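Just so it is clear, the values below take in all heavy atoms, side chains as well, and ignore hydrogens, waters and symmetry mates. The first residue in the sequence is number 1, and the count goes up from there.
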Amino acid sequence: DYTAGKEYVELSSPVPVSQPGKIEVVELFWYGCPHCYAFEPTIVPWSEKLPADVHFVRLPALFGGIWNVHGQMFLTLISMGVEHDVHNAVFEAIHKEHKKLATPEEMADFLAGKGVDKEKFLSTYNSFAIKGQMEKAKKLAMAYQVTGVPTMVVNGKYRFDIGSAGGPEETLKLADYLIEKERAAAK
Ligand SMILES: Cc1ccccc1CSc1nncn1N
């Protein structure tokens with residue numbers, strides 16, 4: 001019952017997906033974004049209930065300044081295989097504890113409190129691989145033509161956000177609908 005152009009738009013140039021063969025769902029976010037923080041209790045449980053042919057990805061929006069710093073922290077944690085376990089703690093630190101997490105040294109100190117290897121965090125943060133991932137994330141956001149967060153993209157093809165869908169639960173119902181649209185498509 002959704003209308004292309006209203007609750008979601010279709011990208012005229014679809015973007016490749018991270019895991020070919022699965023229906024991708026991307027949430028573009030920034031740890032410091034209050035709406036992103038407020039969306040977490042809705043999107044997190046939904047993301048954990050997704051079927052086997054769907055691949056949920058968080059992608060930091062690297063829109064400059066502190067967004068890039070926090071995004072680089074995110075990618076470092078993903079690379080280390082620890083982001084899932086400290087995800088909520090980072091949001092809480094920033095929004096409830098008023099921690100800035102604005103330099104790698106501050107990040108490492110905080111994250112060590114959550115069990116994250118400090119030396120490995122710092123080495124990874126400054127690594128060439130993370131530089132490459134930052135550039136890829138920037139190029140992806142440009143391709144999605146995203147200008148704010150949180151924003152969802154399904155299968156590199158459909159872009160929508162909380163405002164366009166009409167609320168947080170509505171956003172995920174819309175995601176479900178678009179996932180079904182893609183599952184039904186011929187390949
Ligand atoms: C490509 C990258 C860079 C940085 C972090 C995570 C990723 C994987 S996400 C992705 N890759 N191709 C489409 N798409 N959504």
Side-chain angles (χ1 to χ4, degrees), residues 11 13-40 43-44 47 54-95 97 99-162 175:
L11 299 175
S13 292
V15 182
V17 302
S18 50
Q19 168 147 40
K22 294 192 180 184
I23 300 165
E24 192 181 61
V25 177
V26 171
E27 185 203 7
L28 291 93
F29 85 106
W30 165 42
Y31 281 129
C33 167
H35 293 190
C36 281
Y37 177 60
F39 190 32
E40 287 288 293
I43 189 168
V44 170
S47 66
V54 174
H55 180 232
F56 178 75
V57 177
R58 277 208 182 73
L59 189 67
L62 305 177
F63 292 175
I66 191 64
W67 293 49
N68 287 12
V69 169
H70 285 166
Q72 194 159 335
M73 178 177 56
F74 173 78
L75 295 172
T76 297
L77 297 171
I78 291 288
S79 172
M80 289 179 71
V82 307
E83 203 278 337
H84 183 263
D85 301 334
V86 303
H87 181 77
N88 298 337
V90 170
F91 268 116
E92 292 192 27
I94 289 167
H95 294 274
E97 302 171 32
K99 296 182 173 165
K100 302 302 183 177
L101 303 184
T103 68
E105 294 85 357
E106 191 197 340
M107 297 167 185
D109 282 346
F110 167 76
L111 294 164
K114 308 303 292 194
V116 183
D117 180 336
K118 278 208 295 179
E119 289 180 350
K120 185 60 169 63
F121 177 82
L122 289 166
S123 178
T124 300
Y125 187 91
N126 291 317
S127 73
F128 68 80
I130 288 296
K131 290 174 181 177
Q133 290 178 21
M134 290 282 284
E135 287 320 305
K136 290 178 187 87
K138 284 179 196 178
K139 291 183 175 182
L140 290 166
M142 294 175 56
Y144 299 144
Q145 317 221 290
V146 171
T147 59
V149 293
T151 294
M152 307 298 299
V153 181
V154 168
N155 228 21
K157 281 185 191 138
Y158 312 105
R159 187 191 69 220
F160 52 105
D161 60 33
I162 297 174

J.: Between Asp161 and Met152, is there a donor-acceptor pair closer than 3.5 Å when you use the side chain of the first and the backbone of the second?
T.: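 No; judged by distance alone, with no hydrogens or angles, the pair does not exist.
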
J.: Could you tell me if the ring centre of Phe91 sits under 6.0 Å from that of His87?
T.: yes

J.: Under 3.5 Å, which donor-acceptor pairs do the side chains of residues 27-34 form with other protein atoms, sequence neighbours left out?
T.:
residue	atom	partner	partner atom	Å
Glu27	OE1	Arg58	NE	2.8
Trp30	NE1	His70	ND1	3.0
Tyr31	OH	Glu83	OE2	2.7

J.: Please round to the nearest 0.5 Å and tell me the distance separating atom OG of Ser123 and atom CD1 of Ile130.
T.: 10.5 Å

J.: For residues 133-141, please give each side-chain donor-acceptor pair under 3.5 Å, one per line with the distance, not counting sequence neighbours.
T.:
residue	atom	partner	partner atom	Å
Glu135	OE2	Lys138	NZ	3.0

J.: Within the distance-only criterion (no hydrogens, no angle test), does the side chain of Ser79 pair as donor or acceptor with the backbone N or O of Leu75 below 3.5 angstrom?
T.: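 Answer holds: no.
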
J.: Looking at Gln72 and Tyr125, would you say the former's side chain and the latter's main chain have a donor-acceptor pair under 3.5 Å?
T.: yes

J.: How many angstroms lie between atom CD of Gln19 and atom CZ of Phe56, to the nearest 0.5 angstrom?
T.: 14.0 Å

J.: Please identify each residue that fulfils side-chain contact (heavy atoms from CB on, under 4.5 Å) with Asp117, with sequence neighbours left out.
T.: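 Residues passing side-chain contact (heavy atoms from CB on, under 4.5 Å) with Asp117: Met80, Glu119, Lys120.
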
J.: Between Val90 and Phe110, does a side chain to side chain contact (heavy atoms under 4.5 Å, CB included) hold up when you go through it step by step?
T.: CA-CA 9 Å; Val90 170; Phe110 167 76; 4.2 Å; yes

J.: Would you give the length of the straight line joining atom OG1 of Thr151 to atom OH of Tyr144, rounded to the nearest 0.5 angstrom?
T.: 11.5 Å

J.: About how many Å separate NZ of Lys99 and CE of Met107, when rounded to the nearest 0.5 Å?
T.: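 So the CE of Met107 and the NZ of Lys99 are separated by 13.5 Å.
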
J.: A side-chain contact here means heavy atoms from C-beta on lying under 4.5 Å apart; do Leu59 and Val153 qualify?
T.: no

J.: Quick one: pull up CD in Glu105 and CG in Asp109 and give me the separation to the nearest 0.5 Å.
T.: 8.5 Å

J.: To the nearest 0.5 Å, tell me how far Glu106 CD sits from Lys100 NZ.
T.: 9.5 Å

